[PDB]
Amino acid sequence: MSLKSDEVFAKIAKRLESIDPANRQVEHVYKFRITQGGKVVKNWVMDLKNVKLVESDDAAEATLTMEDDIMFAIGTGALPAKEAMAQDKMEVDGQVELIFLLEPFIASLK
Ligand SMILES: CCCCCCCCCCCCCCCC(=O)O
């Protein structure tokens, strides 16, 4: 069945369809890891080109690792991405700015 974190992926993708082609910001290949408790359970890819979010693992310019519990939390902007990671409760690797671009987009989701 469909889980909570699932809605997140759908939200992000649906949000990408908003960004009009007459004015873009920053699009690139991102990586999303869904760890359950401490170990990975699946891979996720951010198709910023086709404007979709599929499940896959590849060498992306920016790697973002987060647990399911955090998927729905951050995805819905329920908790602060800064504080969340500040407590070493999240592992992300990539250009601060790059990840900072999706920060203001988190709210767009519900
Ligand atoms: C900082 C981590 C937050 C992750 C969850 C928020 C993801 C929001 C998705 C927005 C992607 C970037 C869209 C703007 C680029 C463009 O299409 O021109």
# chains A, B, ... in the order shown; residues from 1 in each chain; ligands from 1
call {"tool": "residues_near_ligand", "arguments": {"ligand": "ligand 1", "cutoff": "10 Å", "atoms": "only C-alpha atoms and all ligand atoms", "output": "ChimeraX atom specification"}}
result
/A:8-9,11-28,30,32,46-51,53,64-66,71-77,80-82,92,96-109
call {"tool": "select_by_dssp", "arguments": {"residues": "chain A", "states": "strand (DSSP E)", "output": "ChimeraX atom specification"}}
result
/A:30-36,39-47,52-54,62-67,91-93
call {"tool": "closest_residue", "arguments": {"among": "A:84, A:10, A:70, A:60", "to": "residue 36 of chain A", "atoms": "only C-alpha atoms"}}
result
A:70
call {"tool": "atom_distance", "arguments": {"atom1": "atom CA of residue 93 of chain A", "atom2": "atom CA of residue 3 of chain A"}}
result
25.6 Å
call {"tool": "atom_distance", "arguments": {"atom1": "atom CA of residue 63 of chain A", "atom2": "atom CA of residue 31 of chain A"}}
result
4.7 Å
call {"tool": "atom_distance", "arguments": {"atom1": "atom CA of residue 58 of chain A", "atom2": "atom CA of residue 45 of chain A"}}
result
7.7 Å
call {"tool": "decode", "arguments": {"residues": "segment 20-108 of chain A", "atoms": "C-alpha atoms", "output": "PDB file, in the first residue's frame"}}
result
ATOM      1  CA  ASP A  20       7.273  27.841 -15.618  1.00  0.00           C
ATOM      2  CA  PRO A  21       9.736  27.304 -18.498  1.00  0.00           C
ATOM      3  CA  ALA A  22       9.752  31.062 -19.077  1.00  0.00           C
ATOM      4  CA  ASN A  23      11.752  31.411 -15.860  1.00  0.00           C
ATOM      5  CA  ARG A  24      13.842  28.720 -14.170  1.00  0.00           C
ATOM      6  CA  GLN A  25      16.142  28.747 -11.141  1.00  0.00           C
ATOM      7  CA  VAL A  26      18.434  25.738 -10.745  1.00  0.00           C
ATOM      8  CA  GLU A  27      17.849  22.234 -12.100  1.00  0.00           C
ATOM      9  CA  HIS A  28      20.175  19.252 -11.684  1.00  0.00           C
ATOM     10  CA  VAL A  29      20.410  15.568 -10.764  1.00  0.00           C
ATOM     11  CA  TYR A  30      19.753  14.856  -7.086  1.00  0.00           C
ATOM     12  CA  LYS A  31      19.762  11.693  -4.974  1.00  0.00           C
ATOM     13  CA  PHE A  32      17.282  10.687  -2.271  1.00  0.00           C
ATOM     14  CA  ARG A  33      17.892   7.822   0.156  1.00  0.00           C
ATOM     15  CA  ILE A  34      15.128   6.377   2.332  1.00  0.00           C
ATOM     16  CA  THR A  35      16.733   4.746   5.369  1.00  0.00           C
ATOM     17  CA  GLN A  36      14.556   2.899   7.882  1.00  0.00           C
ATOM     18  CA  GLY A  37      15.987   3.269  11.373  1.00  0.00           C
ATOM     19  CA  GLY A  38      19.594   3.425  10.238  1.00  0.00           C
ATOM     20  CA  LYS A  39      20.026   1.285   7.132  1.00  0.00           C
ATOM     21  CA  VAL A  40      18.947   2.143   3.587  1.00  0.00           C
ATOM     22  CA  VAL A  41      15.749   0.548   2.285  1.00  0.00           C
ATOM     23  CA  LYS A  42      15.550   2.016  -1.218  1.00  0.00           C
ATOM     24  CA  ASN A  43      16.938   4.658  -3.577  1.00  0.00           C
ATOM     25  CA  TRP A  44      15.276   7.737  -5.068  1.00  0.00           C
ATOM     26  CA  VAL A  45      16.151  10.061  -7.949  1.00  0.00           C
ATOM     27  CA  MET A  46      14.997  13.617  -8.643  1.00  0.00           C
ATOM     28  CA  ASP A  47      14.188  13.986 -12.341  1.00  0.00           C
ATOM     29  CA  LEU A  48      14.481  17.773 -12.563  1.00  0.00           C
ATOM     30  CA  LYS A  49      14.784  17.386 -16.335  1.00  0.00           C
ATOM     31  CA  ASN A  50      11.541  15.527 -17.041  1.00  0.00           C
ATOM     32  CA  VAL A  51       9.939  17.131 -13.987  1.00  0.00           C
ATOM     33  CA  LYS A  52       9.345  13.868 -12.127  1.00  0.00           C
ATOM     34  CA  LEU A  53      10.595  11.823  -9.173  1.00  0.00           C
ATOM     35  CA  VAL A  54      11.523   8.199  -9.859  1.00  0.00           C
ATOM     36  CA  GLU A  55      13.208   5.567  -7.691  1.00  0.00           C
ATOM     37  CA  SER A  56      16.847   4.888  -8.565  1.00  0.00           C
ATOM     38  CA  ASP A  57      20.443   5.262  -7.386  1.00  0.00           C
ATOM     39  CA  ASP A  58      23.095   7.060  -9.436  1.00  0.00           C
ATOM     40  CA  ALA A  59      26.098   9.357  -9.020  1.00  0.00           C
ATOM     41  CA  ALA A  60      24.293  12.678  -8.593  1.00  0.00           C
ATOM     42  CA  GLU A  61      25.934  16.074  -8.103  1.00  0.00           C
ATOM     43  CA  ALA A  62      24.116  16.246  -4.766  1.00  0.00           C
ATOM     44  CA  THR A  63      23.304  13.380  -2.402  1.00  0.00           C
ATOM     45  CA  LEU A  64      20.450  13.706   0.091  1.00  0.00           C
ATOM     46  CA  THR A  65      19.910  11.035   2.744  1.00  0.00           C
ATOM     47  CA  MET A  66      16.880  11.057   5.043  1.00  0.00           C
ATOM     48  CA  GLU A  67      14.752   8.530   6.929  1.00  0.00           C
ATOM     49  CA  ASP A  68      11.080   7.916   6.151  1.00  0.00           C
ATOM     50  CA  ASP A  69      10.006   9.660   9.356  1.00  0.00           C
ATOM     51  CA  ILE A  70      11.961  12.674   8.108  1.00  0.00           C
ATOM     52  CA  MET A  71      10.642  12.295   4.561  1.00  0.00           C
ATOM     53  CA  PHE A  72       7.108  13.318   5.532  1.00  0.00           C
ATOM     54  CA  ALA A  73       8.450  15.736   8.142  1.00  0.00           C
ATOM     55  CA  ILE A  74      10.738  17.779   5.892  1.00  0.00           C
ATOM     56  CA  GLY A  75       8.732  17.087   2.751  1.00  0.00           C
ATOM     57  CA  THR A  76       5.721  18.752   4.356  1.00  0.00           C
ATOM     58  CA  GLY A  77       7.898  21.386   5.997  1.00  0.00           C
ATOM     59  CA  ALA A  78       6.710  20.243   9.416  1.00  0.00           C
ATOM     60  CA  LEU A  79      10.180  20.499  10.953  1.00  0.00           C
ATOM     61  CA  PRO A  80      13.123  22.858  10.302  1.00  0.00           C
ATOM     62  CA  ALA A  81      15.650  21.359   7.887  1.00  0.00           C
ATOM     63  CA  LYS A  82      18.344  23.301   9.742  1.00  0.00           C
ATOM     64  CA  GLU A  83      17.568  22.089  13.264  1.00  0.00           C
ATOM     65  CA  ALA A  84      16.724  18.599  12.010  1.00  0.00           C
ATOM     66  CA  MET A  85      20.197  18.173  10.517  1.00  0.00           C
ATOM     67  CA  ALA A  86      21.741  20.278  13.284  1.00  0.00           C
ATOM     68  CA  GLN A  87      21.078  17.386  15.663  1.00  0.00           C
ATOM     69  CA  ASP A  88      23.069  15.061  13.405  1.00  0.00           C
ATOM     70  CA  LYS A  89      19.709  13.397  12.758  1.00  0.00           C
ATOM     71  CA  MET A  90      20.238  13.626   8.998  1.00  0.00           C
ATOM     72  CA  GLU A  91      23.066  12.923   6.552  1.00  0.00           C
ATOM     73  CA  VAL A  92      23.243  15.094   3.434  1.00  0.00           C
ATOM     74  CA  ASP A  93      26.106  15.682   1.000  1.00  0.00           C
ATOM     75  CA  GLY A  94      25.993  18.437  -1.602  1.00  0.00           C
ATOM     76  CA  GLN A  95      26.381  22.130  -2.390  1.00  0.00           C
ATOM     77  CA  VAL A  96      24.736  24.024   0.469  1.00  0.00           C
ATOM     78  CA  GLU A  97      23.155  26.392  -2.052  1.00  0.00           C
ATOM     79  CA  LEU A  98      21.824  23.514  -4.154  1.00  0.00           C
ATOM     80  CA  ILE A  99      20.007  22.023  -1.165  1.00  0.00           C
ATOM     81  CA  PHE A 100      19.077  25.544  -0.069  1.00  0.00           C
ATOM     82  CA  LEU A 101      17.126  25.934  -3.311  1.00  0.00           C
ATOM     83  CA  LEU A 102      14.644  23.222  -2.337  1.00  0.00           C
ATOM     84  CA  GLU A 103      14.315  24.722   1.143  1.00  0.00           C
ATOM     85  CA  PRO A 104      11.978  27.529   0.001  1.00  0.00           C
ATOM     86  CA  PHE A 105      10.132  24.946  -2.094  1.00  0.00           C
ATOM     87  CA  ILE A 106       9.381  22.672   0.860  1.00  0.00           C
ATOM     88  CA  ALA A 107       6.495  24.908   1.925  1.00  0.00           C
ATOM     89  CA  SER A 108       4.974  24.483  -1.536  1.00  0.00           C
TER      90      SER A 108
END
